[PDB]
2 protein chains.
Amino acid sequence: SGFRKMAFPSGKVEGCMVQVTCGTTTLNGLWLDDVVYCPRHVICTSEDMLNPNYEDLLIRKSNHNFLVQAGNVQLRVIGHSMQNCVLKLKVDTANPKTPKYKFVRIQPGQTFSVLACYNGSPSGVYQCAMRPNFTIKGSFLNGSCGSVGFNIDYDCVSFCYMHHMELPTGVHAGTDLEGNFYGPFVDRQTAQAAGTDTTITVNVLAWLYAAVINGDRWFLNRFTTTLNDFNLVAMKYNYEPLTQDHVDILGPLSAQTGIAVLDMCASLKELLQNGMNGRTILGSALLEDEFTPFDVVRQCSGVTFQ
Amino acid sequence: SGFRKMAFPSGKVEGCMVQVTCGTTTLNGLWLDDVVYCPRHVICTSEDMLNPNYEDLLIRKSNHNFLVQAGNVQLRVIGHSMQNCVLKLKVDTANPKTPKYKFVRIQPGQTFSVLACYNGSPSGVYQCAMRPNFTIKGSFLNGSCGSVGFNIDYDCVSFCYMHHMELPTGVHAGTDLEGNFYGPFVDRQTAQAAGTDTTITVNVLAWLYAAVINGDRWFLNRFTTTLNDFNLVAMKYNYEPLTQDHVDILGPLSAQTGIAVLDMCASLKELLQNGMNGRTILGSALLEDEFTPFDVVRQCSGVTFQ
């Protein structure tokens, strides 16, 4: 028993992280087969970032302007191309540590692990969620750009996030591994608005089911409610509306605990309207939304990977 | 910027985890050089756990009674030995993945990462603190025994914990890698009292400095206090007393932020007596005590490892 915000084991990803240097700028890249992936702004100076013309900047760079280092091995760069906001550097050596991998674009509300890196070397791993407004609330310092987010499925690493920048508000924005930003952001140093952010309701419900499984039951109430009645309340507190698809995904947790989804919703509605009044749930004084239904099932059934 | 409960990258430990089955009992072991370390209660049935005589039980077990397995590699057990509460199963093959490592016994209030494993296969990684009462609040299901806790000292893995049991109260107990329990616990299925748990005050202060580094300043106040007046309030709220050694440890954070340690303590005094009244610190509505002063420095300065 017990319940923790758990990250995926990072070993398969650690063997893919390299250091990419172009001119003065150094950041992290991801080396899979014979291609290194990194944020295109590796080719920018600090002044360039205010207003970069990436095509004009890239034309002034040749294959030998890129220093790629995997530990104490330099890799030789044999071609380079820009794909949206990522650079693809073809190198002469295929990574012998390349795991089975996929590139995936995740949806808001999904969770993933981030391996925070500096100079191509790992610093730490943590779990977070893609917010409904397409930002993430990470922990990133200068030089962490190119750090990647990932999930693991048995033997397969699914890469879903590459870090590109910190907004003036202190939240983080990045791309999938095809170089397309999550959200309306662009890779330039200018004020950029994120959307209003909302709480991920299906995740909160999953977490309440985790709490029941672990013995926290005090919030279970007599009442019930309807989907429209609940969504009317959730919108008043900036919660995402719940759909039938969300109810379907919660089915297994309903079966395991014997608590119908709409009953669990009526408990939540009362927590929203009256608060927690100094009590806690799974050790927390706030309603938690960074666990998906699949995360709860994984942690409560003990799933493992290759 | 940002602050997350970050674990150490787990890659160096993942290549050391094996499955150890003895009779019907299956748990995790740790394979370093040609020795597999695992909880000695792997030799017990569920009935044996009520009242085991480990020396008599171990006598009736031979080398061929231990099935050791690492992916699809069978290991041949050459010898066996019991060191306190750990079983040392010595094998014919030395682990080619053996990292640079050390065994260390940690002190209460120190933090480490746990690599949660089932059947010798890594499931997830999370950071926790050794509580002042020598339990950990982990996340562990049946068959997670033998999962290990560790820190990374630059190039060296420091192993400090191996999981042995879940107490009737849902908290977790285990040993160092020499087999000596942390706390007053024994490896048998009987009710065992953990001490009163206290909040790790030096860690709370470190996290308040993290909050200042990251822009949360609202709790900073006008006042100051003596180490006695503070320790007097702290004991009222089941906080660990603060010593001069703790003040010394916090020096670098004081210097970085320009806030004297005693001034931070005066801030903490006020939060305890008047609560937080519905606002948060670093996204949390409770005072956090699972970051050490060194964890904060690591995360706020971007330390990496081999």
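Per Swiss-Prot, chain A residues shown: 3264-3569, in order.
Placed from the backbone N, Cα and C atoms, the Cβ positions cover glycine too.
Listed in Swiss-Prot for this protein:
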DOMAIN    A:3264-3569  domain 'Peptidase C30'
CROSSLNK  A:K3268  ubiquitin cross-link
ACT_SITE  A:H3304  active site, for 3CL-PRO activity
CROSSLNK  A:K3353  ubiquitin cross-link
ACT_SITE  A:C3408  active site, nucleophile
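Closest to A:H3304 (active site, for 3CL-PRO activity) by Cα-Cα distance, out of the recorded positions A:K3268, A:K3353, A:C3408, is A:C3408.
With a threshold of 8 Å between Cβ atoms, the recorded positions A:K3268, A:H3304, A:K3353, A:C3408 that neighbour chain B are A:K3268.
In this view, A:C3408 (active site, nucleophile) is surrounded by 25 other Cβ atoms within 10 Å of its Cβ, with every protein chain counted. Taking each Cβ in turn and tallying the other Cβ atoms within 10 Å, the top scorer among the recorded sites A:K3268, A:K3353 is A:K3268.
Between A:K3268 (ubiquitin cross-link) and A:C3408 (active site, nucleophile), the C-alpha separation comes to 24 Å. DSSP gives the residue listed as 'active site, nucleophile' a coil state; it is part of no helix or strand. In the three-state DSSP assignment, the secondary structure recorded for A:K3268 (ubiquitin cross-link) is coil.
In the three-state DSSP assignment, the secondary structure recorded for A:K3353 (ubiquitin cross-link) is strand. Between the CA atoms of A:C3408 (active site, nucleophile) and A:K3353 (ubiquitin cross-link) there is a gap of 20 Å, rounded to the nearest whole number. Residue density at A:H3304 (active site, for 3CL-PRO activity): 24 other Cβ atoms are found within 10 A of its Cβ, drawing on all protein chains shown.
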